[PDB]
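Below is structure.pdb, which holds PDB, C-alpha atoms and all ligand atoms.
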ATOM      1  CA  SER H  42     -39.401  11.230  23.863  1.00  0.00           C
ATOM      2  CA  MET H  43     -37.390  11.558  20.703  1.00  0.00           C
ATOM      3  CA  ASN H  44     -33.755  11.840  19.617  1.00  0.00           C
ATOM      4  CA  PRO H  45     -32.116  15.244  19.167  1.00  0.00           C
ATOM      5  CA  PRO H  46     -30.495  16.013  15.807  1.00  0.00           C
ATOM      6  CA  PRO H  47     -26.898  14.761  15.699  1.00  0.00           C
ATOM      7  CA  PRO H  48     -24.045  17.199  16.496  1.00  0.00           C
ATOM      8  CA  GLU H  49     -23.153  19.619  13.688  1.00  0.00           C
ATOM      9  CA  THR H  50     -20.351  18.259  11.494  1.00  0.00           C
ATOM     10  CA  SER H  51     -20.096  20.867   8.766  1.00  0.00           C
ATOM     11  CA  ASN H  52     -19.971  24.626   9.041  1.00  0.00           C
ATOM     12  CA  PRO H  53     -19.074  26.758   5.987  1.00  0.00           C
ATOM     13  CA  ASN H  54     -18.802  29.778   8.320  1.00  0.00           C
ATOM     14  CA  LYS H  55     -16.107  28.064  10.408  1.00  0.00           C
ATOM     15  CA  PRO H  56     -12.432  28.409   9.264  1.00  0.00           C
ATOM     16  CA  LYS H  57     -10.813  25.157   8.133  1.00  0.00           C
ATOM     17  CA  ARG H  58      -7.302  23.889   8.714  1.00  0.00           C
ATOM     18  CA  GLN H  59      -5.284  20.807   7.733  1.00  0.00           C
ATOM     19  CA  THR H  60      -2.443  19.901  10.132  1.00  0.00           C
ATOM     20  CA  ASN H  61      -0.306  16.824  10.740  1.00  0.00           C
ATOM     21  CA  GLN H  62      -1.924  16.407  14.164  1.00  0.00           C
ATOM     22  CA  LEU H  63      -5.446  16.493  12.765  1.00  0.00           C
ATOM     23  CA  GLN H  64      -4.367  14.117   9.999  1.00  0.00           C
ATOM     24  CA  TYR H  65      -2.995  11.718  12.644  1.00  0.00           C
ATOM     25  CA  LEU H  66      -6.279  11.926  14.559  1.00  0.00           C
ATOM     26  CA  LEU H  67      -8.197  10.798  11.461  1.00  0.00           C
ATOM     27  CA  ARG H  68      -5.837   8.333   9.800  1.00  0.00           C
ATOM     28  CA  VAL H  69      -4.465   6.833  13.052  1.00  0.00           C
ATOM     29  CA  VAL H  70      -6.595   7.503  16.161  1.00  0.00           C
ATOM     30  CA  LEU H  71     -10.112   7.444  14.699  1.00  0.00           C
ATOM     31  CA  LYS H  72      -9.191   4.546  12.403  1.00  0.00           C
ATOM     32  CA  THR H  73      -7.711   2.437  15.228  1.00  0.00           C
ATOM     33  CA  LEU H  74     -10.554   3.036  17.655  1.00  0.00           C
ATOM     34  CA  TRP H  75     -13.156   2.415  14.936  1.00  0.00           C
ATOM     35  CA  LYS H  76     -11.817  -1.093  14.316  1.00  0.00           C
ATOM     36  CA  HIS H  77     -11.552  -2.018  18.000  1.00  0.00           C
ATOM     37  CA  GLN H  78     -13.836  -4.880  19.081  1.00  0.00           C
ATOM     38  CA  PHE H  79     -15.553  -2.534  21.585  1.00  0.00           C
ATOM     39  CA  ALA H  80     -16.095   0.282  19.065  1.00  0.00           C
ATOM     40  CA  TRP H  81     -19.583  -0.484  17.797  1.00  0.00           C
ATOM     41  CA  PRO H  82     -21.743   1.181  20.490  1.00  0.00           C
ATOM     42  CA  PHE H  83     -19.707   4.352  19.926  1.00  0.00           C
ATOM     43  CA  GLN H  84     -19.831   4.452  16.108  1.00  0.00           C
ATOM     44  CA  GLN H  85     -23.004   6.580  15.981  1.00  0.00           C
ATOM     45  CA  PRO H  86     -25.064   8.818  18.273  1.00  0.00           C
ATOM     46  CA  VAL H  87     -26.903   6.992  21.053  1.00  0.00           C
ATOM     47  CA  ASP H  88     -30.308   6.179  19.578  1.00  0.00           C
ATOM     48  CA  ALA H  89     -32.346   6.642  22.758  1.00  0.00           C
ATOM     49  CA  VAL H  90     -35.518   5.727  20.888  1.00  0.00           C
ATOM     50  CA  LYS H  91     -34.291   2.418  19.440  1.00  0.00           C
ATOM     51  CA  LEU H  92     -32.461   1.556  22.670  1.00  0.00           C
ATOM     52  CA  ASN H  93     -35.420   2.477  24.896  1.00  0.00           C
ATOM     53  CA  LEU H  94     -33.408   4.933  26.994  1.00  0.00           C
ATOM     54  CA  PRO H  95     -35.885   7.814  27.181  1.00  0.00           C
ATOM     55  CA  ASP H  96     -33.901   9.614  29.876  1.00  0.00           C
ATOM     56  CA  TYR H  97     -30.603   9.582  27.958  1.00  0.00           C
ATOM     57  CA  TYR H  98     -30.942  13.112  26.564  1.00  0.00           C
ATOM     58  CA  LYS H  99     -32.478  14.406  29.770  1.00  0.00           C
ATOM     59  CA  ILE H 100     -29.136  13.536  31.368  1.00  0.00           C
ATOM     60  CA  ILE H 101     -26.623  13.928  28.535  1.00  0.00           C
ATOM     61  CA  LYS H 102     -26.716  17.468  27.134  1.00  0.00           C
ATOM     62  CA  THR H 103     -23.441  17.224  25.200  1.00  0.00           C
ATOM     63  CA  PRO H 104     -23.736  14.009  23.148  1.00  0.00           C
ATOM     64  CA  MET H 105     -20.754  12.894  21.083  1.00  0.00           C
ATOM     65  CA  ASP H 106     -19.792   9.746  19.231  1.00  0.00           C
ATOM     66  CA  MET H 107     -17.099   8.523  16.862  1.00  0.00           C
ATOM     67  CA  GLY H 108     -19.361   8.749  13.791  1.00  0.00           C
ATOM     68  CA  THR H 109     -19.662  12.471  14.413  1.00  0.00           C
ATOM     69  CA  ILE H 110     -15.923  12.775  15.087  1.00  0.00           C
ATOM     70  CA  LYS H 111     -15.197  10.992  11.802  1.00  0.00           C
ATOM     71  CA  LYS H 112     -17.409  13.460   9.941  1.00  0.00           C
ATOM     72  CA  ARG H 113     -15.855  16.470  11.686  1.00  0.00           C
ATOM     73  CA  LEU H 114     -12.341  15.252  10.819  1.00  0.00           C
ATOM     74  CA  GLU H 115     -13.033  14.394   7.192  1.00  0.00           C
ATOM     75  CA  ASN H 116     -14.867  17.744   6.768  1.00  0.00           C
ATOM     76  CA  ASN H 117     -11.954  19.689   8.317  1.00  0.00           C
ATOM     77  CA  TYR H 118     -14.434  20.955  10.885  1.00  0.00           C
ATOM     78  CA  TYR H 119     -11.749  21.372  13.556  1.00  0.00           C
ATOM     79  CA  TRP H 120      -9.188  24.193  13.645  1.00  0.00           C
ATOM     80  CA  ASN H 121      -6.961  22.380  16.138  1.00  0.00           C
ATOM     81  CA  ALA H 122      -6.282  18.965  17.660  1.00  0.00           C
ATOM     82  CA  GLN H 123      -7.559  19.957  21.101  1.00  0.00           C
ATOM     83  CA  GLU H 124     -11.094  20.469  19.761  1.00  0.00           C
ATOM     84  CA  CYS H 125     -11.068  16.891  18.480  1.00  0.00           C
ATOM     85  CA  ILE H 126      -9.501  15.469  21.645  1.00  0.00           C
ATOM     86  CA  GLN H 127     -12.229  17.245  23.610  1.00  0.00           C
ATOM     87  CA  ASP H 128     -14.893  15.446  21.536  1.00  0.00           C
ATOM     88  CA  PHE H 129     -13.364  12.022  22.315  1.00  0.00           C
ATOM     89  CA  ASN H 130     -13.236  12.957  26.011  1.00  0.00           C
ATOM     90  CA  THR H 131     -16.864  14.092  25.984  1.00  0.00           C
ATOM     91  CA  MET H 132     -17.895  10.793  24.422  1.00  0.00           C
ATOM     92  CA  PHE H 133     -16.155   8.823  27.193  1.00  0.00           C
ATOM     93  CA  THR H 134     -17.456  11.067  29.976  1.00  0.00           C
ATOM     94  CA  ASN H 135     -21.055  10.820  28.711  1.00  0.00           C
ATOM     95  CA  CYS H 136     -20.840   7.047  28.983  1.00  0.00           C
ATOM     96  CA  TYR H 137     -19.455   7.273  32.519  1.00  0.00           C
ATOM     97  CA  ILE H 138     -22.113   9.787  33.582  1.00  0.00           C
ATOM     98  CA  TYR H 139     -25.133   7.973  32.180  1.00  0.00           C
ATOM     99  CA  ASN H 140     -24.239   4.341  32.847  1.00  0.00           C
ATOM    100  CA  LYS H 141     -23.586   2.601  36.165  1.00  0.00           C
ATOM    101  CA  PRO H 142     -19.876   2.115  36.897  1.00  0.00           C
ATOM    102  CA  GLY H 143     -18.811  -1.450  36.149  1.00  0.00           C
ATOM    103  CA  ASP H 144     -21.569  -2.060  33.573  1.00  0.00           C
ATOM    104  CA  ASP H 145     -20.503  -3.704  30.288  1.00  0.00           C
ATOM    105  CA  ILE H 146     -20.852  -0.514  28.284  1.00  0.00           C
ATOM    106  CA  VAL H 147     -18.628   1.349  30.780  1.00  0.00           C
ATOM    107  CA  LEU H 148     -15.929  -1.320  30.704  1.00  0.00           C
ATOM    108  CA  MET H 149     -15.955  -1.102  26.906  1.00  0.00           C
ATOM    109  CA  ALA H 150     -15.589   2.680  27.000  1.00  0.00           C
ATOM    110  CA  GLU H 151     -12.795   2.413  29.590  1.00  0.00           C
ATOM    111  CA  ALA H 152     -10.750   0.107  27.336  1.00  0.00           C
ATOM    112  CA  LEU H 153     -11.313   2.352  24.320  1.00  0.00           C
ATOM    113  CA  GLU H 154     -10.210   5.320  26.416  1.00  0.00           C
ATOM    114  CA  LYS H 155      -7.033   3.510  27.429  1.00  0.00           C
ATOM    115  CA  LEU H 156      -6.213   2.925  23.755  1.00  0.00           C
ATOM    116  CA  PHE H 157      -7.176   6.518  22.876  1.00  0.00           C
ATOM    117  CA  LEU H 158      -4.776   7.903  25.472  1.00  0.00           C
ATOM    118  CA  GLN H 159      -2.045   5.550  24.220  1.00  0.00           C
ATOM    119  CA  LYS H 160      -2.416   6.940  20.697  1.00  0.00           C
ATOM    120  CA  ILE H 161      -2.763  10.541  21.898  1.00  0.00           C
ATOM    121  CA  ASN H 162       0.492  10.158  23.811  1.00  0.00           C
ATOM    122  CA  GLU H 163       2.188   9.607  20.455  1.00  0.00           C
ATOM    123  CA  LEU H 164       0.685  12.762  18.941  1.00  0.00           C
ATOM    124  CA  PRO H 165       3.306  14.157  16.532  1.00  0.00           C
ATOM    125  CA  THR H 166       4.668  17.668  17.066  1.00  0.00           C
ATOM    126  CA  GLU H 167       2.778  20.359  15.140  1.00  0.00           C
ATOM    127  CA  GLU H 168       5.062  20.846  12.136  1.00  0.00           C
TER     128      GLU H 168
HETATM  129  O1  LIG V   1     -30.034  -0.920  27.222  1.00  0.00           O
HETATM  130  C1  LIG V   1     -28.669  -0.607  27.046  1.00  0.00           C
HETATM  131  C2  LIG V   1     -27.804  -0.590  28.147  1.00  0.00           C
HETATM  132  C3  LIG V   1     -26.441  -0.278  27.964  1.00  0.00           C
HETATM  133  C4  LIG V   1     -25.956   0.024  26.678  1.00  0.00           C
HETATM  134  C5  LIG V   1     -26.842   0.016  25.582  1.00  0.00           C
HETATM  135  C6  LIG V   1     -26.360   0.317  24.196  1.00  0.00           C
HETATM  136  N1  LIG V   1     -26.585  -0.497  23.168  1.00  0.00           N
HETATM  137  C7  LIG V   1     -26.031   0.063  22.084  1.00  0.00           C
HETATM  138  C8  LIG V   1     -26.040  -0.526  20.650  1.00  0.00           C
HETATM  139  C9  LIG V   1     -25.268   0.104  19.643  1.00  0.00           C
HETATM  140  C10 LIG V   1     -25.275  -0.419  18.358  1.00  0.00           C
HETATM  141  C11 LIG V   1     -26.034  -1.547  18.071  1.00  0.00           C
HETATM  142  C12 LIG V   1     -26.800  -2.175  19.082  1.00  0.00           C
HETATM  143  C13 LIG V   1     -26.798  -1.658  20.373  1.00  0.00           C
HETATM  144  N2  LIG V   1     -25.471   1.243  22.444  1.00  0.00           N
HETATM  145  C14 LIG V   1     -25.663   1.409  23.728  1.00  0.00           C
HETATM  146  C15 LIG V   1     -25.158   2.637  24.486  1.00  0.00           C
HETATM  147  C16 LIG V   1     -25.837   3.195  25.627  1.00  0.00           C
HETATM  148  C17 LIG V   1     -25.311   4.300  26.235  1.00  0.00           C
HETATM  149  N3  LIG V   1     -24.180   4.866  25.780  1.00  0.00           N
HETATM  150  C18 LIG V   1     -23.512   4.391  24.728  1.00  0.00           C
HETATM  151  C19 LIG V   1     -23.985   3.275  24.055  1.00  0.00           C
HETATM  152  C20 LIG V   1     -28.186  -0.305  25.753  1.00  0.00           C
HETATM  153  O1  LIG V   2     -18.132  -7.365  31.068  1.00  0.00           O
HETATM  154  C1  LIG V   2     -17.995  -6.935  29.727  1.00  0.00           C
HETATM  155  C2  LIG V   2     -16.880  -6.198  29.340  1.00  0.00           C
HETATM  156  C3  LIG V   2     -16.729  -5.770  28.012  1.00  0.00           C
HETATM  157  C4  LIG V   2     -17.712  -6.087  27.069  1.00  0.00           C
HETATM  158  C5  LIG V   2     -18.829  -6.839  27.457  1.00  0.00           C
HETATM  159  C6  LIG V   2     -19.909  -7.194  26.481  1.00  0.00           C
HETATM  160  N1  LIG V   2     -21.204  -7.162  26.789  1.00  0.00           N
HETATM  161  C7  LIG V   2     -21.874  -7.544  25.696  1.00  0.00           C
HETATM  162  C8  LIG V   2     -23.413  -7.655  25.574  1.00  0.00           C
HETATM  163  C9  LIG V   2     -24.003  -7.846  24.297  1.00  0.00           C
HETATM  164  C10 LIG V   2     -25.381  -7.941  24.191  1.00  0.00           C
HETATM  165  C11 LIG V   2     -26.175  -7.846  25.336  1.00  0.00           C
HETATM  166  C12 LIG V   2     -25.576  -7.656  26.602  1.00  0.00           C
HETATM  167  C13 LIG V   2     -24.187  -7.556  26.716  1.00  0.00           C
HETATM  168  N2  LIG V   2     -20.987  -7.806  24.709  1.00  0.00           N
HETATM  169  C14 LIG V   2     -19.789  -7.600  25.172  1.00  0.00           C
HETATM  170  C15 LIG V   2     -18.520  -7.793  24.341  1.00  0.00           C
HETATM  171  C16 LIG V   2     -17.345  -8.447  24.853  1.00  0.00           C
HETATM  172  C17 LIG V   2     -16.265  -8.581  24.039  1.00  0.00           C
HETATM  173  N3  LIG V   2     -16.280  -8.118  22.774  1.00  0.00           N
HETATM  174  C18 LIG V   2     -17.345  -7.507  22.247  1.00  0.00           C
HETATM  175  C19 LIG V   2     -18.482  -7.333  23.015  1.00  0.00           C
HETATM  176  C20 LIG V   2     -18.979  -7.259  28.776  1.00  0.00           C
END
Could you express the structure from this file as structure tokens?
Ligand SMILES: Oc1cccc(-c2[nH]c(-c3ccccc3)nc2-c2ccncc2)c1
Ligand SMILES: Oc1cccc(-c2[nH]c(-c3ccccc3)nc2-c2ccncc2)c1
Amino acid sequence: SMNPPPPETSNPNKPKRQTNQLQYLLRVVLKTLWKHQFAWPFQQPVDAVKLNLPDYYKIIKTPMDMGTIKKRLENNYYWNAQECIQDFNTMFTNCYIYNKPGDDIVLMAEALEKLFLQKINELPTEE
């Protein structure tokens, strides 16, 4: 087995928009989560080859990671905040689906999710 290409992060055929909510997601949410002590396994796509997890992409058909989210944000890939929030949620869910509950990697994801939700709660009104 081999890794799939990473998720698309740039699409010239896809309308671009810059909003205060998207800006917050990049300059606050992404930035805060990236620097968290538990962030590192989520900073790039799961390398199933390097990690010897040959069944990862047999199970996870919608991979997502914060490296991809960073690229989508800085490329203005998203039209709205919900698209980005969905990517974060997918990342967390993938971890919970693939890994046994209570495993270290799951506990790390759970804490990151708690912080994510805390920052999402303070999402500024679309002005
Ligand atoms: O063999 C295992 C068991 C559990 C986690 C890891 C695991 N290890 C790493 C990792 C990431 C960066 C550097 C070094 C290791 N990332 C993961 C991972 C696995 C599944 N989803 C997200 C991240 C490897
Ligand atoms: O039970 C838990 C809960 C959370 C993280 C870990 C956790 N597990 C590991 C780890 C690292 C290498 C091999 C096997 C496990 N590192 C951490 C960790 C803890 C705190 N800060 C950074 C990394 C274990």
(request) Enumerate as a ChimeraX atom specification the residues within 8 Å of ligand LIG 2 (chain V), counting only C-alpha atoms and all ligand atoms. (result) /H:78-79,143-149
Per residue of chain H within 8 Å of ligand LIG 1 (chain V), note the shortest atom pair and the distance in Å to one decimal, counting all atoms listed in the file, and order the rows by chain and increasing residue number, as CSV.
residue,atom,partner,partner_atom,distance
H:81,CA,V:LIG1,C10,5.7
H:82,CA,V:LIG1,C9,3.8
H:83,CA,V:LIG1,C19,6.0
H:84,CA,V:LIG1,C10,7.6
H:85,CA,V:LIG1,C10,7.7
H:86,CA,V:LIG1,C18,8.0
H:87,CA,V:LIG1,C19,5.6
H:88,CA,V:LIG1,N2,7.5
H:89,CA,V:LIG1,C16,7.9
H:92,CA,V:LIG1,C20,5.6
H:93,CA,V:LIG1,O1,6.8
H:94,CA,V:LIG1,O1,6.8
H:97,CA,V:LIG1,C17,7.7
H:135,CA,V:LIG1,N3,7.3
H:136,CA,V:LIG1,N3,5.1
H:139,CA,V:LIG1,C17,7.0
H:140,CA,V:LIG1,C17,6.7
H:144,CA,V:LIG1,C3,7.6
H:145,CA,V:LIG1,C3,7.2
H:146,CA,V:LIG1,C4,5.4
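Shortest separation to residue H:124 among H:63, H:100, H:91, H:141 occurs at residue H:63, atoms counted being all atoms listed in the file.
What separates atom CA of residue H:46 from atom CA of residue H:137 is a distance of 21.9 Å.
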Name all residues at most 9 Å from residue H:47 (count only C-alpha atoms; drop same-chain ones fewer than 2 positions away) and give them as a PyMOL selection string. chain H and resi 44-45+49-50+86+104-105+109
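Nearest to residue H:77 of all the residues H:154, H:128, H:96, H:115 is H:154, counting only C-alpha atoms.
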Practice task
Using only C-alpha atoms, determine which residues lie at most 12 Å from residue H:165, disregarding the query and same-chain residues fewer than 4 positions distant; provide the list as a list in words.
Solution key: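 Near residue H:165, the qualifying residues are residues 60, 61, 62, 63, 64, 65, 66, 69, 70, 122, 160 and 161 of chain H.
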Atom CA of residue H:95 sits from atom CA of residue H:42 at a separation of 5.9 Å
Query raised in the report: Which residue out of H:67, H:133, H:168, H:56 has the minimum interatomic distance to residue H:152 when all atoms listed in the file are used?
Result: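 Checking each candidate against residue H:152, we get H:133 as the closest.
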Here atom CA of residue H:74 and atom CA of residue H:127 stand apart by 15.5 Å
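Closest approach to residue H:134 among H:162, H:59, H:103, H:117: H:103, based on all atoms listed in the file.
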Output stretch 86-99 of chain H as a PDB file, keeping the file's coordinate frame, making sure N, CA and C atoms are there.
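The new file rebuild_20.pdb reads:
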ATOM      1  N   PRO H  86     -24.391   8.256  17.099  1.00  0.00           N
ATOM      2  CA  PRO H  86     -25.064   8.818  18.273  1.00  0.00           C
ATOM      3  C   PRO H  86     -25.900   7.758  18.984  1.00  0.00           C
ATOM      4  N   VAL H  87     -26.026   7.873  20.304  1.00  0.00           N
ATOM      5  CA  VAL H  87     -26.903   6.992  21.053  1.00  0.00           C
ATOM      6  C   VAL H  87     -28.327   7.192  20.554  1.00  0.00           C
ATOM      7  N   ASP H  88     -28.930   6.118  20.050  1.00  0.00           N
ATOM      8  CA  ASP H  88     -30.308   6.179  19.578  1.00  0.00           C
ATOM      9  C   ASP H  88     -31.204   5.834  20.756  1.00  0.00           C
ATOM     10  N   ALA H  89     -31.590   6.851  21.521  1.00  0.00           N
ATOM     11  CA  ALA H  89     -32.346   6.642  22.758  1.00  0.00           C
ATOM     12  C   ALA H  89     -33.723   6.041  22.486  1.00  0.00           C
ATOM     13  N   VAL H  90     -34.234   6.283  21.285  1.00  0.00           N
ATOM     14  CA  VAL H  90     -35.518   5.727  20.888  1.00  0.00           C
ATOM     15  C   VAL H  90     -35.398   4.215  20.684  1.00  0.00           C
ATOM     16  N   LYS H  91     -34.524   3.821  19.763  1.00  0.00           N
ATOM     17  CA  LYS H  91     -34.291   2.418  19.440  1.00  0.00           C
ATOM     18  C   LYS H  91     -33.842   1.612  20.661  1.00  0.00           C
ATOM     19  N   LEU H  92     -33.029   2.234  21.511  1.00  0.00           N
ATOM     20  CA  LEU H  92     -32.461   1.556  22.670  1.00  0.00           C
ATOM     21  C   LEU H  92     -33.370   1.607  23.896  1.00  0.00           C
ATOM     22  N   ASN H  93     -34.493   2.318  23.779  1.00  0.00           N
ATOM     23  CA  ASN H  93     -35.420   2.477  24.896  1.00  0.00           C
ATOM     24  C   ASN H  93     -34.741   3.088  26.124  1.00  0.00           C
ATOM     25  N   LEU H  94     -34.047   4.203  25.912  1.00  0.00           N
ATOM     26  CA  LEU H  94     -33.408   4.933  26.994  1.00  0.00           C
ATOM     27  C   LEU H  94     -33.958   6.356  26.987  1.00  0.00           C
ATOM     28  N   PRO H  95     -35.228   6.513  27.384  1.00  0.00           N
ATOM     29  CA  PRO H  95     -35.885   7.814  27.181  1.00  0.00           C
ATOM     30  C   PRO H  95     -35.310   8.944  28.032  1.00  0.00           C
ATOM     31  N   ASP H  96     -34.501   8.599  29.025  1.00  0.00           N
ATOM     32  CA  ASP H  96     -33.901   9.614  29.876  1.00  0.00           C
ATOM     33  C   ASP H  96     -32.477   9.962  29.457  1.00  0.00           C
ATOM     34  N   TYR H  97     -31.982   9.335  28.390  1.00  0.00           N
ATOM     35  CA  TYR H  97     -30.603   9.582  27.958  1.00  0.00           C
ATOM     36  C   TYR H  97     -30.318  11.062  27.705  1.00  0.00           C
ATOM     37  N   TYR H  98     -31.177  11.709  26.924  1.00  0.00           N
ATOM     38  CA  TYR H  98     -30.942  13.112  26.564  1.00  0.00           C
ATOM     39  C   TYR H  98     -31.507  14.117  27.570  1.00  0.00           C
ATOM     40  N   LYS H  99     -32.154  13.599  28.608  1.00  0.00           N
ATOM     41  CA  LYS H  99     -32.478  14.406  29.770  1.00  0.00           C
ATOM     42  C   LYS H  99     -31.234  14.534  30.647  1.00  0.00           C
TER      43      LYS H  99
END
